[PDB]
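> experimental coordinates for this protein are included below, preceded by the sequence.
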Amino acid sequence: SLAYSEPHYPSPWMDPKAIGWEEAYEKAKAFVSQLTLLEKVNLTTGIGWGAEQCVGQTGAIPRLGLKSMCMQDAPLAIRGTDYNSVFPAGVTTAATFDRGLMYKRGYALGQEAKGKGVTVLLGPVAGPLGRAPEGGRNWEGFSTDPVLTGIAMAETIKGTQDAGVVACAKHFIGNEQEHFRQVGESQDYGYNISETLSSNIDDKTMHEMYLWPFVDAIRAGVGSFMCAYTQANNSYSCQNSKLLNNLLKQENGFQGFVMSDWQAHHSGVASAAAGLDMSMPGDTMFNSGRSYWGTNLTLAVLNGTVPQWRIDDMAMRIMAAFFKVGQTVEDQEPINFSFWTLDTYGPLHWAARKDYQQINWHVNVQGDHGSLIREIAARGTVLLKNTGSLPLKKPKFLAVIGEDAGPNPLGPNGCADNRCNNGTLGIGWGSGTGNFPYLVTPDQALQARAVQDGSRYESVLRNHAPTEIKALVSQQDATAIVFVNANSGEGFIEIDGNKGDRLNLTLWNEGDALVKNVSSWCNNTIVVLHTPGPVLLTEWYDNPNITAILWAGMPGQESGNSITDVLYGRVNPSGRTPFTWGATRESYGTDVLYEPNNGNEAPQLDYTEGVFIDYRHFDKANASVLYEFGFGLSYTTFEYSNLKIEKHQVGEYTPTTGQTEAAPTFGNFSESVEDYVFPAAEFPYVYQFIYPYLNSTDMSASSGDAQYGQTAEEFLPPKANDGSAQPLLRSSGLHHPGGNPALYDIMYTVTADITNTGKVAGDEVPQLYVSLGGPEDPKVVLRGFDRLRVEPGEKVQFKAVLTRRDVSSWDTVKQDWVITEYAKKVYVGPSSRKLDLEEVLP
Ligand SMILES: *[C@@H]1O[C@H](CO)[C@@H](O[C@@H]2O[C@H](CO)[C@@H](O[C@@H]3O[C@H](CO[C@H]4O[C@H](CO[C@H]5O[C@H](CO)[C@@H](O)[C@H](O)[C@@H]5O[C@H]5O[C@H](CO)[C@@H](O)[C@H](O)[C@@H]5O)[C@@H](O)[C@H](O[C@H]5O[C@H](CO)[C@@H](O)[C@H](O)[C@@H]5O)[C@@H]4O)[C@@H](O)[C@H](O[C@H]4O[C@H](CO)[C@@H](O)[C@H](O)[C@@H]4O[C@H]4O[C@H](CO)[C@@H](O)[C@H](O)[C@@H]4O)[C@@H]3O)[C@H](O)[C@H]2NC(C)=O)[C@H](O)[C@H]1NC(C)=O
Ligand SMILES: *[C@@H]1O[C@H](CO)[C@@H](O[C@@H]2O[C@H](CO)[C@@H](O[C@@H]3O[C@H](CO[C@H]4O[C@H](CO)[C@@H](O)[C@H](O[C@H]5O[C@H](CO)[C@@H](O)[C@H](O)[C@@H]5O)[C@@H]4O)[C@@H](O)[C@H](O[C@H]4O[C@H](CO)[C@@H](O)[C@H](O)[C@@H]4O[C@H]4O[C@H](CO)[C@@H](O)[C@H](O)[C@@H]4O[C@H]4O[C@H](CO)[C@@H](O)[C@H](O)[C@@H]4O)[C@@H]3O)[C@H](O)[C@H]2NC(C)=O)[C@H](O)[C@H]1NC(C)=O
Ligand SMILES: *[C@@H]1O[C@H](CO)[C@@H](O[C@@H]2O[C@H](CO)[C@@H](O[C@@H]3O[C@H](CO[C@H]4O[C@H](CO[C@H]5O[C@H](CO)[C@@H](O)[C@H](O)[C@@H]5O[C@H]5O[C@H](CO)[C@@H](O)[C@H](O)[C@@H]5O)[C@@H](O)[C@H](O[C@H]5O[C@H](CO)[C@@H](O)[C@H](O)[C@@H]5O)[C@@H]4O)[C@@H](O)[C@H](O[C@H]4O[C@H](CO)[C@@H](O)[C@H](O)[C@@H]4O)[C@@H]3O)[C@H](O)[C@H]2NC(C)=O)[C@H](O)[C@H]1NC(C)=O
Ligand SMILES: *[C@@H]1O[C@H](CO)[C@@H](O[C@@H]2O[C@H](CO)[C@@H](O[C@@H]3O[C@H](CO[C@H]4O[C@H](CO)[C@@H](O)[C@H](O[C@H]5O[C@H](CO)[C@@H](O)[C@H](O)[C@@H]5O)[C@@H]4O)[C@@H](O)[C@H](O[C@H]4O[C@H](CO)[C@@H](O)[C@H](O)[C@@H]4O)[C@@H]3O)[C@H](O)[C@H]2NC(C)=O)[C@H](O)[C@H]1NC(C)=O
Ligand SMILES: *[C@@H]1O[C@H](CO)[C@@H](O[C@@H]2O[C@H](CO)[C@@H](O[C@@H]3O[C@H](CO)[C@@H](O)[C@H](O[C@H]4O[C@H](CO)[C@@H](O)[C@H](O)[C@@H]4O)[C@@H]3O)[C@H](O)[C@H]2NC(C)=O)[C@H](O)[C@H]1NC(C)=O
Ligand SMILES: *[C@@H]1O[C@H](CO)[C@@H](O[C@@H]2O[C@H](CO)[C@@H](O[C@@H]3O[C@H](CO)[C@@H](O)[C@H](O)[C@@H]3O)[C@H](O)[C@H]2NC(C)=O)[C@H](O)[C@H]1NC(C)=O
Ligand SMILES: *[C@@H]1O[C@H](CO)[C@@H](O[C@@H]2O[C@H](CO)[C@@H](O)[C@H](O)[C@H]2NC(C)=O)[C@H](O)[C@H]1NC(C)=O
Ligand SMILES: *[C@@H]1O[C@H](CO)[C@@H](O)[C@H](O)[C@H]1NC(C)=O
Ligand SMILES: *[C@@H]1O[C@H](CO)[C@@H](O)[C@H](O)[C@H]1NC(C)=O
Ligand SMILES: *[C@@H]1O[C@H](CO)[C@@H](O)[C@H](O)[C@H]1NC(C)=O
Ligand SMILES: *[C@@H]1O[C@H](CO)[C@@H](O)[C@H](O)[C@H]1NC(C)=O
Ligand SMILES: *[C@@H]1O[C@H](CO)[C@@H](O)[C@H](O)[C@H]1NC(C)=O
């Protein structure tokens with residue numbers, strides 16, 4: 001009954017004919033073939049926590065002029081530096097339903113990363129997907145929906161990598177919550193567990209939901225993946241061969257490299273054989289001075305436990321990702337910041353406190369990304385309710401209410417890793433953040449607008465001030481705009497009992513009681529919500545005194561300007577909620593696991609709900625919805641008509657057959673153990689730094705590993721060291737990453753007309769849903785969408801395609817995608833429940 005993860009070996013090696021990777025492969029081959037074993041180990045092993053400048057860094061190869069590779073957070077900003085931008089969070093980006101904006105954000109991020117000397121930007125995020133709305137880090141990702149998220153991953157990645165930086169799809173996989181993600185962190189919170197939470201996911205659910213968006217990332221050409229902290233069926237993701245070897249590298253033919261999350265790598269030989277390619281930040285645990293790779297990897301190659309073909313492939317994947325995005329060994333942008341301090345001068349080697357020099361150049365990489373940020377946040381703002389009060393036009397009297405309207409009195413970067421819920425909520429907390437160059441609060445932008453218009457403007461920037469608030473908002477003609485929030489983030493930070501994950505789905509800082517009080521005192525109350533995910537609006541949303549409600553998510557640096565643009569109709573809102581607003585906590589049907597459920601061993605997160613999370617659950621159970629997935633209003637109206645479906649002629653879905661090549665080796669290495677000894681007369685051994693060298697020619701003593709001495713055959717599973725040609729999986733694509741290319745054959749083109757039946761120009765977000773028709777299938781699933789500009793009175797065409805994959809189901813008996821015999825239907829409309837146009841697939 002304890003969930004089990006099958007062995008899948010050997011770890012697949014790169015394919016020289018993989019489309020998109022052919023040129024990268026050859027550049028990697030020419031480079032890797034020149035390398036000594038120590039130099040290959042330098043590539044694969046991080047230099048340690050705090051070792052130099054970036055969040056993580058590899059060893060350098062200074063013989064060939066390769067500077068150390070810089071791995072830097074975050075998905076929405078370059079973390080821990082200055083003169084960068086802070087972009088809107090993934091969840092706000094997802095809410096745009098706008099491919100172009102997703103690409104532009106990705107590109108701008110990559111430009112900032114490139115300008116700092118970053119090699120790999122640690123984003124975007126398809127895990128967590130959003131199994132449960134209390135998930136602390138859901139806001140870093142995109143949507144609960146696998147299609148929207150998959151598209152957002154692909155667009156973001158294409159942008160970042162077009163800007164010349166490697167992207168990293170994380171976290172792979174099943175890190176849906178922060179509770180019990182790490183042993184030490186759990187123990188310091190009073191949870192005595194010996195291993196991290198295990199996500200136990202059935203094969204169908206894996207293929208149709210959690211894996212799906214990462215496959216889109218693979219097909220978009222993502223250079224790297226990050227394996228998760230958590231386990232999958234009680235094997236840690238970074239040594240999980242089912243995950244890394246089979247699903248990622250075999251079935252979906254991934255050609256890039258897998259890096260560990262920071263302290264997610266727990267074993268040397270076992271992880272490498274299971275598909276891990278880079279150990280970040282390089283040490284066993286932060287500041288340990290030791291590594292599961294480094295010296296140990298050198299020794300494992302020297303003693304035979306790790307084959308040469310395997311380490312050669314790790315270096316090939318790392319270098320091929322580097323070359324794929326256009327980085328060169330000659331013209332590397334120097335690392336021009338230090339993560340560990342904003343000081344211009346300090347130790348290059350931070351943990352060791354050595355090599356004092358200039359470590360921050362304070363390079364301005366912001367360009368004109370401010371206005372792009374302002375635009376994305378406005379387009380990802382969801383108008384949930386409007387009885388006529390919006391847009392605002394020369395109002396007599398604005399009363400802006402709430403702490404979330406105002407500044408953090410200690411400044412927008414006053415708290416490390418954004419760990420306060422003081423002032424306006426620009427982004428959440430944790431590693432998925434960066435330092436603001438500024439943070440425009442609603443109060444600043446709304447005042448300036450009011451003064452320009454001759455509107456009266458007063459604000460009370462506290463949630464608990466009923467005397468003052470009542471006296472203000474109860475006056476004649478007041479338009480009360482109440483800003484309220486909820487917050488969440490990464491598990492290393494805790495605010496008021498919220499350990500990463502949210503304890504509840506209410507507003508913070510007495511937000512709910514504030515909104516009830518203001519709406520009881522003022523019949524023109526407008527509520528703006530800054531939240532990482534849904535909160536329960538049930539007790540107050542239906543008050544007619546609340547004339548409008550907006551969810552503005554995590555807008556990033558231009559918050560105040562974005563919301564003012566929407567409030568006054570400079571942007572006509574089109575953004576759609578990328579999750580469901582349920583009536584209760586229980587209506588969601590999933591929740592965070594807050595208490596260990598397996599004694600002192602690994603807690604078990606059984607995904608018994610299957611694919612029925614968010615709107616799939618709400619539709620199937622008919623649970624209480626306030627606002628459905630894909631819902632959002634505009635200041636105009638739209639009419640749907642004229643649905644048409646054109647059937648395409650396609651060939652049969654043919655199983656992929658044949659063999660891989662035998663695993664190649666690139667270059668050779670000396671057999672003299674003395675050649676691998678630490679070169680002490682060349683440079684000093686730096687404290688806590690992670691090196692490839694042995695301390696002496698005694699291999700056993702050099703390991704410092706009390707269990708040293710066993711061979712692959714007695715501690716790894718069968719075929720872990722098998723470098724012979726391997727049969728291809730029928731679901732794989734021959735030379736085609738992302739699965740059998742026949743999956744992406746277009747089977748239908750769907751079209752419909754959209755007419756703007758109101759007075760003003762606006763964007764519409766038509767959506768395409770499919771009913772796959774089986775009794776265990778969701779009622780409808782998202783399969784396409786667009787964002788289209790329509791003038792008053794104008795008619796525009798929505799056009800979208802359905803691939804074979806889009807109408808298939810994973811058949812676990814077959815281990816492939818099948819189109820089931822059940823009648824499928826197509827729906828098109830402005831939301832998951834406004835299914836205006838319907839037609840059966842012909
Ligand atoms: C879901 O999860 C959420 C996240 O975890 C969770 O959110 C949390 O909710 C809790 C509970 O609501 C929040 O904590 C509460 O915060 C309240 C507000 O605190 C601030 O304001 C107070 C009152 O301010 C007025 O009075 C002051 C002096 O008298 C003046 O200085 C002010 O200017 C202000 O005056 C105005 O209002 C007056 C009337 O109120 C009016 O006459 C006057 O004219 C004017 O209009 C301040 O006192 C308070 O200051 C404290 O804290 C600050 C730190 O910020 C310190 O600097 C101060 O020294 C001081 O200690 C804040 O600025 C609090 O009122 C509330 O306190 C009460 O409850 C706590 C419970 O722990 C008691 O310890 C405390 O003694 C109080 O008890 C009394 O009332 C309660 C409630 O009715 C009652 O049960 C109890 O028996 C007793 O009667 C509390 O601290 C918390 O902030 C939220 N967290 C986050 C992170 O946002 C949410 O609840 C969850 N939801 C669910 C459903 O599970
Ligand atoms: C976490 O744990 C999860 C739970 O265990 C786990 O999910 C499981 O994932 C594995 C794959 O990793 C699945 O294994 C398959 O099992 C198939 C049999 O499944 C039936 O029996 C099971 C046992 O009783 C049932 O549990 C299962 O029920 C599930 O599905 C039902 C609906 O179908 C549903 O009602 C249930 O509720 C439940 O959800 C089901 O009834 C088995 O067929 C399959 O074998 C193929 O694939 C293997 C590779 O894994 C091959 O080794 C094997 O040889 C088979 O492939 C060959 O044959 C196929 C057709 O028969 C061909 O299509 C293939 O191409 C292939 O053909 C080769 O051989 C031919 C000759 O024989 C030759 O001609 C060809 O050329 C070629 O060489 C596989 O073992 C398992 O079912 C999943 N279970 C569930 C519940 O989801 C999850 O993966 C774990 N996650 C992690 C991260 O570890
Ligand atoms: C050459 O040099 C190298 C480098 O110095 C030397 O390398 C060292 O070699 C020693 C052995 O001499 C290694 O110690 C051994 O490690 C193994 C693996 O430990 C890790 O994985 C455990 C889980 O194992 C399963 O899954 C992995 C894949 O993830 C797979 O490799 C295994 O075969 C096993 O597979 C089974 O389960 C799979 C998943 O479900 C299935 O798919 C599969 O079918 C199988 O059913 C895990 O438990 C372990 O976790 C512990 O340790 C980590 C720290 O590493 C800690 O974080 C955890 O909390 C746990 O405490 C690891 O992650 C391990 O299995 C061995 O343990 C057995 O044997 C010892 C006796 O030595 C017993 O005490 C144990 O109880 C158990 O029976 C053993 O610990 C060492 O890791 C390795 N060092 C490095 C840096 O790589 C090598 O020795 C040299 N060789 C020569 C000839 O010189
Ligand atoms: C695997 O990856 C690792 C990690 O990247 C590699 O390890 C590094 O290798 C490089 C090059 O082989 C080492 O750099 C050399 O460092 C020595 C020693 O410098 C230290 O000690 C000096 C003597 O006391 C001292 O003067 C130095 O201080 C100056 O420099 C620092 C650093 O920039 C600066 O902050 C200070 O203010 C000082 O200005 C320092 O404390 C150094 O002597 C070497 O200089 C060579 O080149 C210069 C010209 O560039 C030349 O003038 C010299 O004569 C000399 O030839 C060089 O900088 C580095 O120290 C290693 N890093 C660590 C952490 O140990 C490893 O090499 C990779 N292996 C493989 C196989 O690829
Ligand atoms: C090659 O790999 C092997 C493992 O395969 C590796 O051996 C391991 O090294 C670690 C780190 O040095 C050892 O763990 C340490 O043990 C000492 C006690 O003797 C502890 O002080 C350390 O505790 C840390 O974590 C604690 C939290 O629980 C903290 O309280 C404390 O402050 C420390 O931060 C730590 O547990 C481990 O015992 C060995 N394992 C084996 C099997 O020998 C070896 O170091 C690698 N070699 C190289 C050269 O990198
Ligand atoms: C919607 O907002 C309006 C204000 O725009 C609210 O109307 C106000 O309701 C209060 C409470 O009933 C009235 O206040 C006073 O109540 C005392 C009771 O002791 C009474 O004696 C006073 O004469 C006075 O009525 C207030 O007059 C009234 N204001 C207006 C302008 O009508 C309304 O209650 C809100 N509704 C909801 C459902 O939130
Ligand atoms: C809030 O309530 C006031 C009355 O308390 C409304 O004021 C009326 O507005 C209409 C126009 O819609 C005028 O013709 C009336 O003369 C106004 N009456 C008074 C007594 O001022 C106000 O419209 C309400 N606001 C909203 C947003 O519905
Ligand atoms: C944690 O549980 C283990 C048993 O797994 C026990 O031996 C240990 O004492 C516990 N930890 C603490 C700090 O009490
Ligand atoms: C706001 O700042 C104060 C420090 O002045 C801090 O104690 C408090 O926790 C912060 N509030 C929140 C909600 O993070
Ligand atoms: C709401 O109003 C009531 C009574 O008018 C007051 O006692 C309570 O403290 C107020 N709450 C907030 C958050 O303003
Ligand atoms: C679903 O619930 C709604 C009320 O929320 C109800 O009107 C409708 O009939 C229900 N549909 C079912 C059970 O199919
Ligand atoms: C290797 O030498 C360093 C001193 O430079 C020491 O701190 C470290 O523990 C040694 N490692 C082993 C495995 O003995």
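Great, that's in hand. Numbers count the residues shown, from 1 in each chain. Ligands and ions are numbered 1, 2, ... in the order given.

> excluding its backbone neighbours, what's nearest residue 552?
residue 381 (5.0 Å; Cβ to Cβ, 6 or more residues apart in numbering). (Each C-beta comes from the backbone N, C-alpha and C, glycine too.)

> mind listing what that neighbour touches?
92, 95, 550-553, 555, 562-563, 566, 571, 573, 575 (Cβ atoms under 8 Å, 6 or more residues apart in numbering).

> count the residues that sit near the closest residue to ligand 5 within the chain.
Per Cβ to the nearest ligand atom, residue 290 is where the chain lies closest to ligand 5, at 3.2 Å. When neighbours are defined as other Cβ atoms under 10 Å, residue 290 has 17 of them.

> ok, and the closest non-adjacent residue to it?
residue 284 (5.1 Å).

> what's near enough to touch the nearest residue to residue 840 once chain neighbours are set aside?
Distances taken as Cβ to Cβ, 6+ apart put residue 825 closest to residue 840, at 5.3 Å, once the chain neighbours are dropped. By Cβ under 8 Å, 6+ apart, the residues touching residue 825 are 770, 771, 773, 838, 839, 840, 841.

> mind checking how far residue 825 is from ligand 7?
As judged by Cβ to the nearest ligand atom, to the nearest Å, residue 825 and ligand 7 stand 42 Å apart.

> give me the beta-bridge partners of that residue?
Beta bridges link residue 825 to residue 771, residue 840, judged by DSSP bridges.

> contacts only, for the residue of the stretch 101-250 of the chain found nearest ligand 4.
Among the residues of the stretch 101-250 of the chain, residue 119 lies closest to ligand 4, at 13.5 Å counting by Cβ to the nearest ligand atom. Neighbour list for residue 119: 69, 70, 71, 165, 166, 322, 327, 332 [criterion: Cβ under 8 Å, 6+ apart].

> ok, 10 Å please
Residue 119 sits next to 54, 56-58, 67-72, 113, 164-166, 223, 318, 321-322, 325, 327, 332-333, 335 when contact means Cβ atoms under 10 Å, 6 or more residues apart in numbering.

> residue 408 now?
So residue 408 contacts 414-415, 418, 420-426, 436, 439, 441 (Cβ under 10 Å, 6+ apart).

> among those, name the ones in helices.
Secondary structure from DSSP state H places none of those in helices.

> of the residues you listed, grab the buried ones for ChimeraX.
For the buried members of those, the matching ChimeraX selection, counting by 16 or more other Cβ atoms under 10 Å, is:
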select :415,418,420,421,422,423,424,425,426,436,439,441
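
> which ones among the contacts of residue 408 are found in strands?
Within the contacts of residue 408, no residue falls in strands by DSSP state E.

> tell me where the stretch 201-350 of the chain has helices.
Along the stretch 201-350 of the chain, counting by DSSP state H, counting those that start in this stretch, helices occupy 203-205, 212-219, 241, 268-273, 295-303, 308-324.

> list the contacts for the most centrally placed residue in the chain?
Nearest to the geometric centre of the chain sits residue 125, at 1.0 Å (Cα atoms, centre = their mean). Applying Cβ under 10 Å, 6+ apart to residue 125 gives the contacts 74-76, 89-91, 137-142, 149, 152-153, 156, 168-171, 175, 213, 226, 432.

> buried subset of those?
For the contacts of residue 125, buried by 16+ other Cβ under 10 Å: 74-76, 89-91, 137-142, 149, 152-153, 156, 168-171, 175, 213, 226, 432.

> okay, and which of these map to helices?
90, 91, 149, 152, 153, 156, 213.

> one step back: the helices of the stretch 201-350 of the chain: which one's closest to residue 3?
helix 203-205 (12.1 Å; Cβ to Cβ).

> does ligand 2 sit close to that closest one?
Yes: legend: contact between helix 203-205 and ligand 2 by Cβ under 6 Å from any ligand atom is shown at 203, 204.

> so which elements touch that helix?
strand 809-811 (3 or more Cβ pairs under 10 Å, 6 or more residues apart in numbering; DSSP states H and E).

> quick one: which of the helices of the stretch 201-350 of the chain is nearest ligand 6?
Nearest to ligand 6, of these and by Cβ to the nearest ligand atom, is helix 212-219 at 42.7 Å.

> now the spatially closest residue to residue 340 that is not a sequence neighbour: how far from ligand 7?
Sequence neighbours aside, residue 350 is the residue nearest to residue 340 in space, at 4.2 Å (criterion: Cβ to Cβ, 6+ apart). Using Cβ to the nearest ligand atom, one gets 57 Å for the distance from residue 350 to ligand 7.

> the residue in the chain positioned nearest to ligand 6: how many residues sit nearby?
Nearest residue of the chain to ligand 6, counting by Cβ to the nearest ligand atom: residue 523, 3.4 Å away. A count of nearby residues for residue 523, using other Cβ under 10 Å, gives 16.

> for the stretch 501-650 of the chain, just list every one of the helices.
Going by DSSP H, counting those that start in this stretch, the stretch 501-650 of the chain shows helices at 511-521, 559-567, 614-621.

> most packed of these?
helix 559-567 (a mean of 27; mean count of other Cβ atoms under 10 Å).
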